[PDB]
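Asks: Got data28.pdb for you, PDB, C-alpha atoms and all ligand atoms:
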```
ATOM      1  CA  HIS Z   1      -0.903  27.556  28.189  1.00  0.00           C
ATOM      2  CA  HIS Z   2       0.969  24.280  27.640  1.00  0.00           C
ATOM      3  CA  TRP Z   3      -0.348  22.130  24.789  1.00  0.00           C
ATOM      4  CA  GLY Z   4      -2.639  19.205  25.476  1.00  0.00           C
ATOM      5  CA  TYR Z   5      -5.920  17.615  24.435  1.00  0.00           C
ATOM      6  CA  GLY Z   6      -8.308  19.812  26.390  1.00  0.00           C
ATOM      7  CA  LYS Z   7     -10.862  22.309  25.106  1.00  0.00           C
ATOM      8  CA  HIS Z   8      -8.526  25.286  25.557  1.00  0.00           C
ATOM      9  CA  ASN Z   9      -5.208  23.687  24.575  1.00  0.00           C
ATOM     10  CA  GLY Z  10      -6.218  20.944  22.157  1.00  0.00           C
ATOM     11  CA  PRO Z  11      -5.035  20.118  18.593  1.00  0.00           C
ATOM     12  CA  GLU Z  12      -6.925  23.076  17.095  1.00  0.00           C
ATOM     13  CA  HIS Z  13      -4.731  25.416  19.167  1.00  0.00           C
ATOM     14  CA  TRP Z  14      -1.326  23.847  18.496  1.00  0.00           C
ATOM     15  CA  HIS Z  15      -0.552  25.965  15.417  1.00  0.00           C
ATOM     16  CA  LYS Z  16      -0.130  29.052  17.612  1.00  0.00           C
ATOM     17  CA  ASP Z  17       2.995  27.651  19.273  1.00  0.00           C
ATOM     18  CA  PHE Z  18       3.975  25.250  16.476  1.00  0.00           C
ATOM     19  CA  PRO Z  19       3.261  26.806  13.040  1.00  0.00           C
ATOM     20  CA  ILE Z  20       4.321  23.591  11.302  1.00  0.00           C
ATOM     21  CA  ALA Z  21       0.970  22.207  12.492  1.00  0.00           C
ATOM     22  CA  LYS Z  22      -0.397  23.563   9.206  1.00  0.00           C
ATOM     23  CA  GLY Z  23       2.487  22.073   7.229  1.00  0.00           C
ATOM     24  CA  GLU Z  24       2.622  20.068   3.998  1.00  0.00           C
ATOM     25  CA  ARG Z  25       3.265  16.598   5.460  1.00  0.00           C
ATOM     26  CA  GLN Z  26       1.348  16.465   8.721  1.00  0.00           C
ATOM     27  CA  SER Z  27      -0.001  13.312  10.363  1.00  0.00           C
ATOM     28  CA  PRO Z  28      -2.220  11.472  10.995  1.00  0.00           C
ATOM     29  CA  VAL Z  29      -4.274  11.105   7.817  1.00  0.00           C
ATOM     30  CA  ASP Z  30      -7.237   9.096   6.618  1.00  0.00           C
ATOM     31  CA  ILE Z  31      -6.145   6.129   4.535  1.00  0.00           C
ATOM     32  CA  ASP Z  32      -8.527   5.803   1.583  1.00  0.00           C
ATOM     33  CA  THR Z  33      -8.071   2.144   0.623  1.00  0.00           C
ATOM     34  CA  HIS Z  34      -9.382   2.681  -2.898  1.00  0.00           C
ATOM     35  CA  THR Z  35      -7.021   5.562  -3.704  1.00  0.00           C
ATOM     36  CA  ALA Z  36      -3.964   3.922  -2.139  1.00  0.00           C
ATOM     37  CA  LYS Z  37      -1.450   2.771  -4.749  1.00  0.00           C
ATOM     38  CA  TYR Z  38      -0.143  -0.792  -4.739  1.00  0.00           C
ATOM     39  CA  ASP Z  39       3.627  -0.577  -5.205  1.00  0.00           C
ATOM     40  CA  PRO Z  40       5.281  -3.879  -6.243  1.00  0.00           C
ATOM     41  CA  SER Z  41       8.634  -2.201  -5.590  1.00  0.00           C
ATOM     42  CA  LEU Z  42       8.035  -2.148  -1.829  1.00  0.00           C
ATOM     43  CA  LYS Z  43       9.939  -4.803   0.109  1.00  0.00           C
ATOM     44  CA  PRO Z  44       8.587  -6.825   3.042  1.00  0.00           C
ATOM     45  CA  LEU Z  45       9.218  -5.294   6.460  1.00  0.00           C
ATOM     46  CA  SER Z  46      12.106  -6.702   8.481  1.00  0.00           C
ATOM     47  CA  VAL Z  47      11.417  -6.514  12.203  1.00  0.00           C
ATOM     48  CA  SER Z  48      14.250  -7.806  14.389  1.00  0.00           C
ATOM     49  CA  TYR Z  49      13.151  -7.485  18.016  1.00  0.00           C
ATOM     50  CA  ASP Z  50      14.701 -10.693  19.373  1.00  0.00           C
ATOM     51  CA  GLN Z  51      17.423  -8.764  21.233  1.00  0.00           C
ATOM     52  CA  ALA Z  52      15.229  -5.891  22.442  1.00  0.00           C
ATOM     53  CA  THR Z  53      16.048  -4.496  25.889  1.00  0.00           C
ATOM     54  CA  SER Z  54      13.187  -2.610  27.529  1.00  0.00           C
ATOM     55  CA  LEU Z  55      14.205  -0.385  30.418  1.00  0.00           C
ATOM     56  CA  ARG Z  56      11.392   1.673  31.833  1.00  0.00           C
ATOM     57  CA  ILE Z  57       7.803   2.840  31.521  1.00  0.00           C
ATOM     58  CA  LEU Z  58       7.077   6.533  32.079  1.00  0.00           C
ATOM     59  CA  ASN Z  59       3.975   8.725  32.229  1.00  0.00           C
ATOM     60  CA  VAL Z  60       4.998  11.675  30.042  1.00  0.00           C
ATOM     61  CA  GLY Z  61       1.781  13.599  30.593  1.00  0.00           C
ATOM     62  CA  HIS Z  62       0.146  13.081  27.197  1.00  0.00           C
ATOM     63  CA  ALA Z  63       0.673   9.303  27.165  1.00  0.00           C
ATOM     64  CA  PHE Z  64       2.978   6.685  28.641  1.00  0.00           C
ATOM     65  CA  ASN Z  65       6.179   5.547  26.949  1.00  0.00           C
ATOM     66  CA  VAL Z  66       7.913   2.189  27.216  1.00  0.00           C
ATOM     67  CA  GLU Z  67      11.600   2.993  26.647  1.00  0.00           C
ATOM     68  CA  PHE Z  68      14.274   0.728  25.187  1.00  0.00           C
ATOM     69  CA  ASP Z  69      18.066   0.693  25.193  1.00  0.00           C
ATOM     70  CA  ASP Z  70      19.016   2.243  21.839  1.00  0.00           C
ATOM     71  CA  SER Z  71      22.789   2.428  22.338  1.00  0.00           C
ATOM     72  CA  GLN Z  72      23.255  -0.553  20.000  1.00  0.00           C
ATOM     73  CA  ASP Z  73      21.371  -2.285  17.175  1.00  0.00           C
ATOM     74  CA  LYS Z  74      19.352  -4.524  19.512  1.00  0.00           C
ATOM     75  CA  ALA Z  75      15.829  -3.905  18.208  1.00  0.00           C
ATOM     76  CA  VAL Z  76      15.795  -2.654  14.637  1.00  0.00           C
ATOM     77  CA  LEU Z  77      13.440  -2.109  11.735  1.00  0.00           C
ATOM     78  CA  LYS Z  78      14.650  -2.396   8.132  1.00  0.00           C
ATOM     79  CA  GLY Z  79      13.240  -3.152   4.706  1.00  0.00           C
ATOM     80  CA  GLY Z  80       9.881  -1.967   3.468  1.00  0.00           C
ATOM     81  CA  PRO Z  81      10.188   1.613   2.125  1.00  0.00           C
ATOM     82  CA  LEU Z  82      13.207   2.247   4.344  1.00  0.00           C
ATOM     83  CA  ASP Z  83      16.826   2.794   3.392  1.00  0.00           C
ATOM     84  CA  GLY Z  84      19.120   1.910   6.264  1.00  0.00           C
ATOM     85  CA  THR Z  85      18.657   0.698   9.824  1.00  0.00           C
ATOM     86  CA  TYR Z  86      16.204   2.193  12.315  1.00  0.00           C
ATOM     87  CA  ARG Z  87      16.535   1.531  16.062  1.00  0.00           C
ATOM     88  CA  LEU Z  88      13.547   1.186  18.374  1.00  0.00           C
ATOM     89  CA  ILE Z  89      13.623   3.842  21.104  1.00  0.00           C
ATOM     90  CA  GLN Z  90      10.096   3.749  22.584  1.00  0.00           C
ATOM     91  CA  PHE Z  91       6.484   2.792  21.997  1.00  0.00           C
ATOM     92  CA  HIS Z  92       3.288   4.393  23.248  1.00  0.00           C
ATOM     93  CA  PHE Z  93      -0.439   4.456  22.548  1.00  0.00           C
ATOM     94  CA  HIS Z  94      -3.257   6.858  21.716  1.00  0.00           C
ATOM     95  CA  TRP Z  95      -6.757   5.953  22.879  1.00  0.00           C
ATOM     96  CA  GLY Z  96     -10.246   7.282  23.392  1.00  0.00           C
ATOM     97  CA  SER Z  97     -12.835   7.721  26.103  1.00  0.00           C
ATOM     98  CA  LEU Z  98     -15.113   5.333  24.173  1.00  0.00           C
ATOM     99  CA  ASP Z  99     -14.379   2.206  22.109  1.00  0.00           C
ATOM    100  CA  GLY Z 100     -15.569   3.999  18.964  1.00  0.00           C
ATOM    101  CA  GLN Z 101     -12.646   6.425  18.879  1.00  0.00           C
ATOM    102  CA  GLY Z 102      -9.008   6.600  19.895  1.00  0.00           C
ATOM    103  CA  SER Z 103      -6.884   5.932  16.829  1.00  0.00           C
ATOM    104  CA  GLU Z 104      -5.086   8.738  15.026  1.00  0.00           C
ATOM    105  CA  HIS Z 105      -5.031   7.236  11.560  1.00  0.00           C
ATOM    106  CA  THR Z 106      -8.356   6.077  10.154  1.00  0.00           C
ATOM    107  CA  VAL Z 107      -9.102   3.583   7.382  1.00  0.00           C
ATOM    108  CA  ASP Z 108     -11.857   4.741   5.039  1.00  0.00           C
ATOM    109  CA  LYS Z 109     -12.965   7.055   7.859  1.00  0.00           C
ATOM    110  CA  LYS Z 110     -13.149   4.149  10.314  1.00  0.00           C
ATOM    111  CA  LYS Z 111     -11.742   4.866  13.771  1.00  0.00           C
ATOM    112  CA  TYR Z 112     -10.258   2.176  16.009  1.00  0.00           C
ATOM    113  CA  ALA Z 113     -10.250   2.026  19.827  1.00  0.00           C
ATOM    114  CA  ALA Z 114      -6.553   2.844  20.034  1.00  0.00           C
ATOM    115  CA  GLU Z 115      -3.328   3.040  18.071  1.00  0.00           C
ATOM    116  CA  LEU Z 116       0.108   1.740  18.989  1.00  0.00           C
ATOM    117  CA  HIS Z 117       3.191   3.630  17.813  1.00  0.00           C
ATOM    118  CA  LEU Z 118       6.617   1.990  17.808  1.00  0.00           C
ATOM    119  CA  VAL Z 119       9.123   4.795  17.256  1.00  0.00           C
ATOM    120  CA  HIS Z 120      12.465   4.116  15.534  1.00  0.00           C
ATOM    121  CA  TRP Z 121      15.288   6.437  14.471  1.00  0.00           C
ATOM    122  CA  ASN Z 122      17.748   6.277  11.558  1.00  0.00           C
ATOM    123  CA  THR Z 123      21.158   5.211  12.877  1.00  0.00           C
ATOM    124  CA  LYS Z 124      23.040   7.242  10.290  1.00  0.00           C
ATOM    125  CA  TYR Z 125      22.192  10.364  12.295  1.00  0.00           C
ATOM    126  CA  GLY Z 126      23.853   9.221  15.529  1.00  0.00           C
ATOM    127  CA  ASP Z 127      21.098  10.058  17.998  1.00  0.00           C
ATOM    128  CA  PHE Z 128      17.356  10.641  18.216  1.00  0.00           C
ATOM    129  CA  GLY Z 129      17.741  14.399  18.598  1.00  0.00           C
ATOM    130  CA  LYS Z 130      19.607  14.712  15.303  1.00  0.00           C
ATOM    131  CA  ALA Z 131      17.276  12.285  13.543  1.00  0.00           C
ATOM    132  CA  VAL Z 132      14.135  14.366  14.119  1.00  0.00           C
ATOM    133  CA  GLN Z 133      15.706  17.198  12.113  1.00  0.00           C
ATOM    134  CA  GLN Z 134      15.926  15.059   8.972  1.00  0.00           C
ATOM    135  CA  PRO Z 135      13.194  14.184   6.427  1.00  0.00           C
ATOM    136  CA  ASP Z 136      14.064  10.484   6.770  1.00  0.00           C
ATOM    137  CA  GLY Z 137      14.997  10.563  10.447  1.00  0.00           C
ATOM    138  CA  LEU Z 138      12.241   8.442  11.965  1.00  0.00           C
ATOM    139  CA  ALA Z 139      10.171   5.418  11.053  1.00  0.00           C
ATOM    140  CA  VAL Z 140       7.018   4.824  13.073  1.00  0.00           C
ATOM    141  CA  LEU Z 141       5.194   1.509  12.958  1.00  0.00           C
ATOM    142  CA  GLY Z 142       1.496   2.082  13.575  1.00  0.00           C
ATOM    143  CA  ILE Z 143      -0.788  -0.709  14.734  1.00  0.00           C
ATOM    144  CA  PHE Z 144      -4.541  -0.446  15.266  1.00  0.00           C
ATOM    145  CA  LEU Z 145      -6.267  -1.933  18.310  1.00  0.00           C
ATOM    146  CA  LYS Z 146      -9.842  -3.188  18.168  1.00  0.00           C
ATOM    147  CA  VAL Z 147     -11.872  -4.321  21.171  1.00  0.00           C
ATOM    148  CA  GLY Z 148     -12.549  -8.042  21.314  1.00  0.00           C
ATOM    149  CA  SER Z 149     -10.378 -10.851  22.655  1.00  0.00           C
ATOM    150  CA  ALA Z 150      -7.641  -9.990  25.149  1.00  0.00           C
ATOM    151  CA  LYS Z 151      -4.042  -9.640  23.968  1.00  0.00           C
ATOM    152  CA  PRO Z 152      -1.835 -11.750  26.296  1.00  0.00           C
ATOM    153  CA  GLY Z 153       1.349  -9.891  25.377  1.00  0.00           C
ATOM    154  CA  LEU Z 154      -0.173  -6.574  26.459  1.00  0.00           C
ATOM    155  CA  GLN Z 155      -1.160  -7.566  30.003  1.00  0.00           C
ATOM    156  CA  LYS Z 156       2.312  -6.915  31.454  1.00  0.00           C
ATOM    157  CA  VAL Z 157       1.926  -3.292  30.349  1.00  0.00           C
ATOM    158  CA  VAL Z 158      -1.625  -3.065  31.689  1.00  0.00           C
ATOM    159  CA  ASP Z 159      -0.707  -4.325  35.163  1.00  0.00           C
ATOM    160  CA  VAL Z 160       2.025  -1.735  35.776  1.00  0.00           C
ATOM    161  CA  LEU Z 161      -0.070   1.330  34.897  1.00  0.00           C
ATOM    162  CA  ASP Z 162      -1.192   1.732  38.516  1.00  0.00           C
ATOM    163  CA  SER Z 163       2.395   2.589  39.459  1.00  0.00           C
ATOM    164  CA  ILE Z 164       2.672   5.431  36.926  1.00  0.00           C
ATOM    165  CA  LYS Z 165      -0.797   6.954  37.250  1.00  0.00           C
ATOM    166  CA  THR Z 166       0.375  10.574  37.217  1.00  0.00           C
ATOM    167  CA  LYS Z 167       2.706  12.671  35.060  1.00  0.00           C
ATOM    168  CA  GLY Z 168       6.394  12.263  35.827  1.00  0.00           C
ATOM    169  CA  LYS Z 169       6.068   8.846  37.460  1.00  0.00           C
ATOM    170  CA  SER Z 170       8.277   6.049  36.147  1.00  0.00           C
ATOM    171  CA  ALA Z 171       8.821   2.373  36.908  1.00  0.00           C
ATOM    172  CA  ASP Z 172      11.447  -0.186  35.972  1.00  0.00           C
ATOM    173  CA  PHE Z 173      10.101  -2.259  33.087  1.00  0.00           C
ATOM    174  CA  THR Z 174      12.658  -4.822  31.999  1.00  0.00           C
ATOM    175  CA  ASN Z 175      12.480  -7.933  29.855  1.00  0.00           C
ATOM    176  CA  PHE Z 176       9.373  -6.903  27.930  1.00  0.00           C
ATOM    177  CA  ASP Z 177       9.164  -8.483  24.463  1.00  0.00           C
ATOM    178  CA  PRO Z 178       7.518  -6.161  21.909  1.00  0.00           C
ATOM    179  CA  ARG Z 179       7.000  -9.073  19.508  1.00  0.00           C
ATOM    180  CA  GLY Z 180       3.900  -9.944  21.504  1.00  0.00           C
ATOM    181  CA  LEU Z 181       2.193  -6.792  20.230  1.00  0.00           C
ATOM    182  CA  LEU Z 182       2.476  -7.579  16.521  1.00  0.00           C
ATOM    183  CA  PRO Z 183      -0.331  -8.884  14.292  1.00  0.00           C
ATOM    184  CA  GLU Z 184       0.073 -12.037  12.192  1.00  0.00           C
ATOM    185  CA  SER Z 185       0.494 -10.218   8.875  1.00  0.00           C
ATOM    186  CA  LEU Z 186       2.938  -7.396   8.190  1.00  0.00           C
ATOM    187  CA  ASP Z 187       1.145  -5.988   5.127  1.00  0.00           C
ATOM    188  CA  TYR Z 188       1.210  -2.200   5.302  1.00  0.00           C
ATOM    189  CA  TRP Z 189       0.469   1.247   3.911  1.00  0.00           C
ATOM    190  CA  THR Z 190       3.224   3.849   3.936  1.00  0.00           C
ATOM    191  CA  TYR Z 191       3.472   7.608   3.439  1.00  0.00           C
ATOM    192  CA  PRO Z 192       5.747  10.527   4.448  1.00  0.00           C
ATOM    193  CA  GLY Z 193       4.451  12.321   7.515  1.00  0.00           C
ATOM    194  CA  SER Z 194       5.161  13.903  10.877  1.00  0.00           C
ATOM    195  CA  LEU Z 195       5.161  13.378  14.610  1.00  0.00           C
ATOM    196  CA  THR Z 196       1.554  13.651  15.791  1.00  0.00           C
ATOM    197  CA  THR Z 197       2.453  15.568  18.949  1.00  0.00           C
ATOM    198  CA  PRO Z 198       4.414  18.823  19.253  1.00  0.00           C
ATOM    199  CA  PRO Z 199       6.986  19.666  17.910  1.00  0.00           C
ATOM    200  CA  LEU Z 200       5.117  18.012  14.996  1.00  0.00           C
ATOM    201  CA  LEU Z 201       8.348  17.747  13.001  1.00  0.00           C
ATOM    202  CA  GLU Z 202       7.995  16.356   9.474  1.00  0.00           C
ATOM    203  CA  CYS Z 203      10.637  13.663   9.860  1.00  0.00           C
ATOM    204  CA  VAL Z 204       8.579  10.478   9.797  1.00  0.00           C
ATOM    205  CA  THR Z 205       8.130   7.661   7.322  1.00  0.00           C
ATOM    206  CA  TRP Z 206       4.873   6.098   8.462  1.00  0.00           C
ATOM    207  CA  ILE Z 207       4.300   2.372   8.177  1.00  0.00           C
ATOM    208  CA  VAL Z 208       0.734   1.519   9.161  1.00  0.00           C
ATOM    209  CA  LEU Z 209      -0.135  -2.171   9.423  1.00  0.00           C
ATOM    210  CA  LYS Z 210      -3.353  -3.330   7.779  1.00  0.00           C
ATOM    211  CA  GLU Z 211      -4.182  -5.998  10.376  1.00  0.00           C
ATOM    212  CA  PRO Z 212      -5.365  -4.698  13.763  1.00  0.00           C
ATOM    213  CA  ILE Z 213      -4.630  -6.535  16.983  1.00  0.00           C
ATOM    214  CA  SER Z 214      -7.448  -7.265  19.395  1.00  0.00           C
ATOM    215  CA  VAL Z 215      -7.470  -6.278  23.052  1.00  0.00           C
ATOM    216  CA  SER Z 216     -10.152  -6.788  25.687  1.00  0.00           C
ATOM    217  CA  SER Z 217     -12.524  -4.166  27.036  1.00  0.00           C
ATOM    218  CA  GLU Z 218     -10.882  -4.611  30.446  1.00  0.00           C
ATOM    219  CA  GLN Z 219      -7.426  -3.935  29.033  1.00  0.00           C
ATOM    220  CA  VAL Z 220      -8.329  -0.637  27.350  1.00  0.00           C
ATOM    221  CA  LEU Z 221     -10.409   0.375  30.366  1.00  0.00           C
ATOM    222  CA  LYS Z 222      -7.221   0.441  32.437  1.00  0.00           C
ATOM    223  CA  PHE Z 223      -5.606   2.837  29.944  1.00  0.00           C
ATOM    224  CA  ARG Z 224      -8.464   5.221  30.728  1.00  0.00           C
ATOM    225  CA  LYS Z 225      -7.563   5.297  34.423  1.00  0.00           C
ATOM    226  CA  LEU Z 226      -4.314   7.208  33.887  1.00  0.00           C
ATOM    227  CA  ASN Z 227      -3.956  10.936  34.614  1.00  0.00           C
ATOM    228  CA  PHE Z 228      -2.744  13.820  32.427  1.00  0.00           C
ATOM    229  CA  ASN Z 229      -1.910  15.669  35.647  1.00  0.00           C
ATOM    230  CA  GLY Z 230       0.921  15.258  38.113  1.00  0.00           C
ATOM    231  CA  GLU Z 231       0.370  13.985  41.649  1.00  0.00           C
ATOM    232  CA  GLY Z 232      -1.279  16.521  43.931  1.00  0.00           C
ATOM    233  CA  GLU Z 233      -2.871  18.450  41.063  1.00  0.00           C
ATOM    234  CA  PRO Z 234      -6.558  18.304  40.022  1.00  0.00           C
ATOM    235  CA  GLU Z 235      -7.302  14.930  38.412  1.00  0.00           C
ATOM    236  CA  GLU Z 236      -7.785  14.872  34.643  1.00  0.00           C
ATOM    237  CA  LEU Z 237      -8.289  11.416  33.144  1.00  0.00           C
ATOM    238  CA  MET Z 238      -5.925  10.573  30.304  1.00  0.00           C
ATOM    239  CA  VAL Z 239      -8.353   9.882  27.466  1.00  0.00           C
ATOM    240  CA  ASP Z 240      -8.763  11.021  23.862  1.00  0.00           C
ATOM    241  CA  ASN Z 241      -5.076  11.807  23.445  1.00  0.00           C
ATOM    242  CA  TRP Z 242      -5.337  11.554  19.665  1.00  0.00           C
ATOM    243  CA  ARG Z 243      -4.910  14.169  16.940  1.00  0.00           C
ATOM    244  CA  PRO Z 244      -7.577  14.232  14.207  1.00  0.00           C
ATOM    245  CA  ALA Z 245      -6.788  13.471  10.555  1.00  0.00           C
ATOM    246  CA  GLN Z 246      -4.890  16.145   8.613  1.00  0.00           C
ATOM    247  CA  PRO Z 247      -5.031  17.073   4.902  1.00  0.00           C
ATOM    248  CA  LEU Z 248      -3.123  14.641   2.685  1.00  0.00           C
ATOM    249  CA  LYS Z 249      -2.216  17.481   0.324  1.00  0.00           C
ATOM    250  CA  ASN Z 250       0.481  16.575  -2.205  1.00  0.00           C
ATOM    251  CA  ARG Z 251       1.115  13.053  -0.909  1.00  0.00           C
ATOM    252  CA  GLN Z 252       0.467   9.519  -2.120  1.00  0.00           C
ATOM    253  CA  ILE Z 253      -0.222   6.577   0.171  1.00  0.00           C
ATOM    254  CA  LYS Z 254       1.347   3.342  -1.068  1.00  0.00           C
ATOM    255  CA  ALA Z 255       0.285  -0.200  -0.209  1.00  0.00           C
ATOM    256  CA  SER Z 256       2.526  -3.262   0.047  1.00  0.00           C
ATOM    257  CA  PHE Z 257      -0.423  -5.491  -0.863  1.00  0.00           C
ATOM    258  CA  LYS Z 258      -3.082  -5.678  -3.572  1.00  0.00           C
TER     259      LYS Z 258
HETATM  260 ZN    ZN Z 301       2.028   8.503  18.772  1.00  0.00          ZN
END
```
Let me see the structure of the file written as structure tokens.

Replies:
Amino acid sequence: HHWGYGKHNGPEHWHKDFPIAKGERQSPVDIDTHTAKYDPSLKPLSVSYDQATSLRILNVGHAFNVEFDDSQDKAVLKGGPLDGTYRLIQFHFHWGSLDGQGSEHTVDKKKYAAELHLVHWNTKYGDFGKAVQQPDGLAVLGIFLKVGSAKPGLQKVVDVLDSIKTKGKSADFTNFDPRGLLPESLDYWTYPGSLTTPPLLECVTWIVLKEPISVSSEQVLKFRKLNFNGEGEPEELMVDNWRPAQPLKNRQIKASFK
């Protein structure tokens, strides 16, 4: 039926409805740190989130999205391997049922407890819908989460999850500062890829940060209390909403550090 992360509709089944699932630049991938190429040509990332305007948090069924006002250049990403300005539209996470899994990208086969994706679109295309149809339409900042000390800046997100437990539920979520979710260092790996959920379009320039952020066991535990289902339907806990690593094929992963 509809795609998901279950046994009968999981990632291994997606290709039937979305043939591009077996494409040439699919994500996520395993980042082999010894085969990655240091590129001195890469510029530092420029993250300008000081004027970010968050608007709402919504349970979209396969995850929850924190949406931002993208009608102006309020929260933008520039620099790095990017040409132009990319506006932040939403961020979401991928996590597991256990602390030993949950991330989509892996580093030398190592899996993290979760992965944060900050999605941005290239302003030269006018809107998000047009951007996803272009090879350089989106830029996604990926951040790994490891279990350890609590992340203060994440608690505001954690506390509102009870109000959007089921699919379709939304809640006002204003004045949230995404800067509180960033690690100290902005060193990164980058490669051309795709969205990791259907339609799996190959329109993404991935920027994966090397430094993970730490969150507490209690914080991630609350992520695991969400539901894939809508209210009234049989409860299905929202866990393991991650796609496994895909073949790198004819691609090179570049590093901004040596
Ligand atoms: Zn994602």

Asks: Residues contacting ligand ZN 301 (chain Z) - anything with an atom at most 7 Å away, using all atoms listed in the file - can you give me those as a list in words?

Replies: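 The distance check yields residues 92, 93, 94, 117 and 196 of chain Z.
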
Asks: Taking the file above as input, evaluate the PyMOL selection byres (((chain Z and resi 3) around 12) and not hetatm) and report the hits as a PyMOL selection string.

Replies: chain Z and resi 1-2+4-18+61-62+197-200+228+241

Asks: Calculated over only C-alpha atoms, which of the candidates Z:79, Z:100, Z:212, Z:40 has the smallest distance to residue 149 of chain Z?

Replies: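 Smallest distance to residue 149 of chain Z is found for Z:212.
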
Asks: Carefully work through the PyMOL selection byres (((chain Z and resi 84) around 12) and not hetatm) for this structure and note down the residues it includes, as a ChimeraX atom specification.

Replies: /Z:46,73,76-83,85-87,120-125,136-139

Asks: So which residues are close to (16.6, -1.0, 27.8), meaning at most 7 Å away in the file's coordinates with all atoms listed in the file counted, and can you show them as a list in words?

Replies: residues 53, 54, 55, 67, 68, 69 and 174 of chain Z

Asks: Distance atom CA of residue 119 of chain Z-atom CA of residue 218 of chain Z, one decimal place?

Replies: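 Atom CA of residue 218 of chain Z lies 25.7 Å from atom CA of residue 119 of chain Z.
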
Asks: Calculated over only C-alpha atoms, which of the candidates Z:106, Z:214, Z:163, Z:227 has the smallest distance to residue 150 of chain Z?

Replies: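 Among the listed residues, Z:214 lies closest to residue 150 of chain Z.
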
Asks: Which residues are near segment 253-255 of chain Z? Cut-off 10 Å, only C-alpha atoms, ignore same chain within fewer than 6 positions. Put them as an MDAnalysis selection string.

Replies: chainID Z and resid 29:33 35:40 42 81 187:192 206:210

Asks: Determine the residue set returned by the PyMOL selection byres (((chain Z and resi 144) around 7) and not hetatm) for the present structure, and present it as a PyMOL selection string.

Replies: chain Z and resi 103+112+114-116+142-143+145-146+212-213

Asks: Tell me which of Z:239, Z:89, Z:60, Z:157 sits closest to residue 140 of chain Z, counting only C-alpha atoms.

Replies: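 Under the stated criterion, the closest residue is Z:89.
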
Asks: Ranking Z:258, Z:175, Z:168, Z:244 by minimum distance to residue 109 of chain Z and counting all atoms listed in the file, which one comes first?

Replies: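 So, comparing all the options, the nearest one is Z:244.
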
Asks: Which residue is closest to residue 105 of chain Z? Choose from Z:162, Z:246, Z:251, Z:178 and count all atoms listed in the file.

Replies: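 Result for the nearest residue to residue 105 of chain Z: Z:246.
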
Asks: At what distance in Å, to one decimal, does atom CA of residue 27 of chain Z lie from atom CA of residue 102 of chain Z?

Replies: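 Taking atom CA of residue 102 of chain Z and atom CA of residue 27 of chain Z, their separation equals 14.7 Å.
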
Asks: Which residues come within 10 Å of residue 26 of chain Z, counting all atoms listed in the file, excluding same-chain residues fewer than 4 positions away, as a ChimeraX atom specification?

Replies: /Z:20-22,192-196,200-204,245-249
